[PDB]
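In: Here is the input, now give the coordinates:
(chains A, B, C, D, E, F and G, ligands or ions: 1)
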Amino acid sequence: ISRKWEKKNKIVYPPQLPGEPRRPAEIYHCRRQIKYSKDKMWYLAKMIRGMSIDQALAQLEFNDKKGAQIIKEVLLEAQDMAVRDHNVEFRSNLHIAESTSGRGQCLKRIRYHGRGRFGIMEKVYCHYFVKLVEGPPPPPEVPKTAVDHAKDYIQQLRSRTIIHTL
Amino acid sequence: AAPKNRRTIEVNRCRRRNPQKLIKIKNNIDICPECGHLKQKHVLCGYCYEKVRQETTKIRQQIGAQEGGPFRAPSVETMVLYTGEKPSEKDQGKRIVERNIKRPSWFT
Amino acid sequence: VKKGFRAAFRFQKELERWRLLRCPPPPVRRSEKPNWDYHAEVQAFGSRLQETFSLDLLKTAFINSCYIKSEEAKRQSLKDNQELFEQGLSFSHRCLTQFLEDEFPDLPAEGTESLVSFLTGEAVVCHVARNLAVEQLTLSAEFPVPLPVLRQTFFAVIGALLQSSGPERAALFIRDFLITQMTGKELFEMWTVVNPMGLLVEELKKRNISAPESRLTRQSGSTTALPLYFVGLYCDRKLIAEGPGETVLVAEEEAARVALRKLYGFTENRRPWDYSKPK
Amino acid sequence: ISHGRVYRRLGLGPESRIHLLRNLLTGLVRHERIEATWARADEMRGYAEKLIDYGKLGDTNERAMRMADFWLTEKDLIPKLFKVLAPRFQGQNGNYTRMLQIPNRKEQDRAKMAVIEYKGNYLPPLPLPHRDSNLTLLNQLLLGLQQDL
RNA sequence: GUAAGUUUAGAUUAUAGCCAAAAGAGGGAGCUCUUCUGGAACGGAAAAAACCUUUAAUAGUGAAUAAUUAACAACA
RNA sequence: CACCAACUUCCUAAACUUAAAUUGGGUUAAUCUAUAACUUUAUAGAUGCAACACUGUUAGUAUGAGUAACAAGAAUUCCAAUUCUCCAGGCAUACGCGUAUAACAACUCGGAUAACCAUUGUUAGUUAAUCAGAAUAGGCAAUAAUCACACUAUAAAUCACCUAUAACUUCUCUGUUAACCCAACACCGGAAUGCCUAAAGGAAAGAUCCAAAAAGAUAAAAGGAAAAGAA
RNA sequence: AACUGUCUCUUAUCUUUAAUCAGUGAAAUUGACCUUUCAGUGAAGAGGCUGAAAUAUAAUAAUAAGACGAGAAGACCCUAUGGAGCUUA
Ligand SMILES: [Zn+2]
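Out: Residues are numbered from 1 along each chain as shown, chains lettered A, B, ... in the order given. Sure, the structure comes next:
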């Protein structure tokens, strides 16, 4: 078993020099043993990626899946330590930078059947990883307009170099 | 019939990450003015409803003790009175339930 | 557990290789690193260049103001290269200007200044010095050596070279090593020319020539999104220069650029500069 | 395939639906406020309204007495309907029952929950929604339009 | 024209093709055999073990060539 | 009136001539020992010394697939609470099992989900003079039962008591719980006797939708093989 | 003979399944696959070769006729100057 996610919270940066911007806070939180499928939990993680702390919490409160409740509990614990230990001034100023789930150690059992058959029973466990960055979620990407596409196409044509010539 | 070959993770990944299979965000979230907690536009508040439901049990518990037996539903109208409130003439000829607590602000 | 010491040692080397890739070491100058002899390198440096340098003067040229402060700071807890620096920079300006004038007497003094400035630019000097290993031989208190300090030594070494070998050898050194950098460099690349149409007219009036009348010699795909326009400048109804462009303004601007090169004798087919001369 | 259907399929059969509806109606009359699944609550809302009409019809009505006895398993409620519920709703012409949506049960099945109650009851008022006041900017703008008109 | 050959002593392995093309014999188509000859592209015949051009294999941003699925109604 | 096209050939630098069992010769990875070397090397001597392939052996992790699959009567004033709706083999003993019993505390594992425990930990338990289990030697025997009387029958169907000898004042031990057993499983299976048939014993509904298709059940205008009658 | 949805000639309702939410969660299988159509070629034979043609990416829901479909030591009869075993008069 590896627990490097926790060690990421133990990283200490060098003292900031006068000519350096205020470093944004980064918080890594994880729950190593969860009686839940990582694949099912990933669906929850994927949607919440890049969202704000408040928006993600609001969605979780009205979610029907058991994993969503666990995620909200994980989020609340991470937020509590962030203010308590990472000198976070404004609770609302948090967004979900990263959210992913990993496999955990399982248990193996035999699944009996009424007609003499048997099956492979497994008690699934999973890990959940989230990194929280202080500040609002980054602005969403703006799709390229037709004008932008045409300009790049012309630029690409100019960038072309002649192949296999003197 | 069994699969002819193993399904690749890349093929599997696309199926599960298709937008149709992803979890959708909800925009119907609302705030409860009474409790200040979240609610849906078509769903009622729960923090205040917790007071209402529990108060109903307390009122009902008082009613149950007063009746003292099954199949004792009165044939006359019933009213609930809280401490500091005195029955009026209009309250005559109606079952009266007495609550030790004072009249709740929300309850009128 | 697999037995043996050779296998375990082999894995240690494997770990080191991964560690090096993951965490490259911070850069340090070869002077601090072991197996460095300044005297031997200077002797090899002079021999490699096939040039005679006064060791005392050359060391002074390499010596920098910043380097002295570090030694003085260490001393608290020596001759600058400024004098030599001025000689090389000042002499180079005259010598560099001399090169440009001889090949292109018609080219204006302003153009030579732009060419001289580009050839003496900090980036140009820095690139030559770094590729020449001068940075390792440079004496400074900071690594990588700051470019302005590096530029100072480069001209400072030139001043020392002049005393040791005379102007003649240094001029050949400048031609062999610095003038070479202009190969493949187009005139407007090294000289910034705005408003070519006005400048072209200004030259023509000086020569008592009529201003050209622009005409559209050839055109293709005018209404398409990829239009090609050929504009020729006609003087006294005679075409003097023609340039290609996507728009008439661009074609006219390009045509003017061609004329300016022709006016100053900077044609692409012009005779290449000579590095062959031993004199 | 539920086009034109006017009846929900509840319980284990049509008789069970009546019995289940009968049990729900009896419980609602006794307590006057009951929480149940939205689908079942909607189905039983119509039955409750019609029951009040039967009480309004009069005690002496033989059909009402038979109807009241069948629907109300607990016989102590029969006097209550004619002497409590019916007198209360005499002024009202309808809409005796109020049904509202409740947050879904967190019982791992996420059933849709609703509360059905009899209006005019002595129970504490439910947290009903309150419409926006006319003092709002948009309403005030409309008020200016009304004055001009 | 060309460089192997005979004898003595010791010693095993191989001893089953395929297809094309010739000469026969059964036969009367085609087959069934016996005998002689040739073959095993990275080129060509459309893809093409068996046919055609091809002595081995080396780097080069050279050159001359081989075989090479195409062909140009009748009456005195 | 030709060009293109093969490492055929020439050209610069080189090279020195065309398949696979078998046969001759030259090297080498790794480990240990001898003797050296000292960031992992040399010369010798040794060997459990080299695997993309035996439906190989062991372990791990995928794929099928989050697919097959599985689940609790209602309301309330509340799970050893009331009431309502409906179902109809229940209680003792034998046998077997052996603490699954009961209280408390836990919420991880077990129940193929929860609630709740049947799970985890700790503590407690089943009371018997009546219920159940744990001397000798002689003498002498014709005739069933069946309400046993009549009455028949055939399959042919019950120690005692006398005569002597010997002993001479007794209540301890063990069994007693349970929703329990045999079937790998909390298996729609198997499981003796006595009493009784609801006073005893129980719950088909995890939610929503009402797809198609399929299965089961009910209903049929006219007709009746396109009722229970005969051979 | 009657009887009836067996059929002329099907239809309607209810339960199961089905579909949706949530919890838990197998099996056979699997060289790798960026997994198309027509004609050719071939051993009856082509998603992968030859020549044409078609072709945003990714998904979602349905049906089982054919490929004289794929399969086993299934079924039947007969042979042997085949074996081996057994019995002898
Ligand atoms: Zn509230």
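
In: C-alpha from now on. contacts and neighbour counts both.
Out: OK.

In: give me the residue from chain D nearest chain A.
Out: When scored by Cα to the nearest Cα, chain D has residue D:110 as its residue closest to chain A, at 7.1 Å.

In: Could you measure from the closest residue to that residue other than its chain neighbours over to RNA strand F?
Out: In space, residue D:110 comes closest to residue D:104 once its chain neighbours are excluded; the distance is 5.6 Å by Cα to Cα, 6 or more residues apart in numbering or on different chains. Noted for residue D:104: a distance of 9 Å to RNA strand F, by Cα to the nearest atom of the strand, to the nearest Å.

In: same check, this time on residue A:7
Out: Computed with Cα to the nearest atom of the strand, the distance linking residue A:7 and RNA strand F is 24 Å.

In: Looking at the chain, which strand is longest?
Out: Just so you know, I chose chain A. Using DSSP state E, we find that the single longest strand of chain A is strand A:94-112.

In: try chain B instead
Out: Counting by DSSP E, the longest strand found in chain B is strand B:95-102.

In: Could you check it against RNA strand F for contacts?
Out: No. Judged by Cα under 7 Å from any atom of the strand, strand B:95-102 stays clear of RNA strand F, getting no closer than 12.0 Å.

In: now that strand: how far from the chain's centre is it?
Out: 22 Å (Cα atoms, centre = their mean, to the nearest Å).

In: And the helices in the chain?
Out: I'll assume chain A. In chain A, the segments counted as helices under DSSP state H are A:4-9, A:38-48, A:53-61, A:66-85, A:146-159.

In: Chain D was what I was after
Out: Using DSSP H, helices in chain D cover D:14-31, D:38-57, D:62-71, D:77-80, D:86-88, D:137-148.

In: For chain B, which of the ones you listed is the nearest?
Out: From the helices of chain D, taking Cα to the nearest Cα, the stretch that ends up closest is helix D:77-80, at 4.0 Å.

In: Can you tell me the SS state at residue C:216?
Out: strand (DSSP: H, G, I helix; E, B strand; the rest coil).

In: what bridges to the closest residue to it other than its chain neighbours?
Out: Spatial nearest neighbour of residue C:216, excluding adjacent residues (Cα to Cα, 6+ apart): residue C:231 at 4.6 Å. Counting by DSSP bridges, residue C:231 is bridged to residue C:216, residue C:243.

In: Count residues in the vicinity of the nearest residue to residue A:89 once chain neighbours are set aside, would you?
Out: The spatial neighbour of residue A:89 that comes closest, neighbours along the chain excluded (Cα to Cα, 6+ apart), is residue A:83 at 6.7 Å. Residues lying near residue A:83 (other Cα atoms under 10 Å in any protein chain shown) number 13.

In: same deal with the one 5 residues further on?
Out: Counted by other Cα under 10 Å, the residues lying close to residue A:88 total 18.

In: try residue A:38
Out: Neighbourhood size, residue A:38 [other Cα under 10 Å]: 21.

In: In chain D, which residue sits closest to the ion?
Out: Relative to the ion, the nearest point of chain D is residue D:127 (8.4 Å; Cα to the ion).

In: Quick one: classify residue C:170 as helix, strand or coil.
Out: Once three-state DSSP is applied, residue C:170 turns out helix.

In: Quick check: it vs RNA strand E, distance?
Out: Relative to RNA strand E, residue C:170 is positioned 39 Å away (Cα to the nearest atom of the strand).

In: Likewise for residue C:255?
Out: Where RNA strand E is concerned, residue C:255 sits at a distance of 33 Å (Cα to the nearest atom of the strand).

In: ok, that residue touching residue C:239?
Out: No. The criterion here is Cα atoms under 8 Å, and residue C:255 misses it with residue C:239 at 10.5 Å.

In: what do the two both touch?
Out: Jointly contacting residue C:255 and residue C:239 under the rule Cα atoms under 8 Å, 6 or more residues apart in numbering or on different chains are C:232-233.

In: and those two? which has more neighbours close in?
Out: residue C:255 (24 against 16).

In: part of a helix, is that one?
Out: Yes. Per three-state DSSP, residue C:255 lies within a helix segment.

In: Excluding chain neighbours, give the residue nearest to it in space.
Out: The nearest residue in space to residue C:255 (Cα to Cα, 6+ apart) is residue C:243, at 3.7 Å.

In: since we're on that neighbour, how many residues are nearby?
Out: 20.

In: try the one 10 residues further on
Out: Neighbourhood size, residue C:253 [other Cα under 10 Å]: 20.

In: can you check the one 3 residues further on too?
Out: The local packing of residue C:256 (other Cα under 10 Å) involves 28 other residues.

In: contacting residues around it?
Out: Neighbour list for residue C:256: C:196-197, C:200, C:233, C:241-243 [criterion: Cα under 8 Å, 6+ apart].

In: Tell me the one among those residues nearest to chain B.
Out: Closest to chain B, out of all of the contacts of residue C:256 and judged by Cα to the nearest Cα, is residue C:243, at 53.3 Å.

In: Need the residue closest to the centroid of the chain.
Out: No chain specified, so I'll use chain A. residue A:99 (1.4 Å; Cα atoms, centre = their mean).

In: my question was about chain D
Out: With distances taken as Cα atoms, centre = their mean, the residue of chain D nearest its centroid is residue D:97 (3.1 Å).

In: Show me which residues of chain B sit near chain D.
Out: Counting by Cα under 8 Å from any Cα of the partner chain, chain B comes close to chain D at B:42-46, B:48-49, B:52, B:56, B:71-80, B:107-108.

In: what's near enough to touch residue C:191?
Out: C:111, C:114-115, C:118.

In: Distance of the residue of the stretch 1-150 of chain C found nearest RNA strand G relative to residue B:46?
Out: RNA strand G sits closest to residue C:18 of the stretch 1-150 of chain C, with a gap of 27.1 Å, by Cα to the nearest atom of the strand. Distance of residue C:18 to residue B:46, computed by Cα to Cα, to the nearest Å: 57 Å.

In: Settle it for me: which of these two has more neighbours?
Out: residue B:46 (19 against 11).

In: So that one is in contact with residue D:101, correct?
Out: No. Contact status for residue B:46 versus residue D:101: not in contact, 11.5 Å apart, counting by Cα under 8 Å.

In: Go through stretch C:142-154 and flag the buried ones.
Out: For stretch C:142-154, the neighbour count (16 or more other Cα atoms under 10 Å in any protein chain shown) marks C:145, C:147, C:149-154 as buried.

In: In CSV, list the residues you listed along with distance to residue D:31.
Out: Listed next are those as CSV, based on distance: Cα to Cα, whole Å:
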residue, distance to residue D:31
C:145, 90
C:147, 90
C:149, 94
C:150, 95
C:151, 96
C:152, 98
C:153, 100
C:154, 100
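
In: Which pair of the residues you listed spans the longest distance?
Out: The distance between the two most remote of the buried residues of stretch C:142-154 (Cα to Cα) is 12.3 Å, for C:145 and C:154.

In: Help me confirm that the residue nearest to residue D:110 comes into contact with residue D:111.
Out: Yes. Between residue D:104 and residue D:111 a contact is recorded at 5.6 Å, counting by Cα under 8 Å.

In: joint contacts of those two?
Out: Counting by Cα under 8 Å, 6+ apart, nothing touches both residue D:104 and residue D:111.

In: Enumerate every residue touching residue D:25.
Out: For residue D:25, the contacting residues are D:44, D:48, D:71-72, by Cα under 8 Å, 6+ apart.

In: Now narrow those to whatever sits close to chain A.
Out: Within the contacts of residue D:25, nothing lies near chain A by Cα under 8 Å from any Cα.
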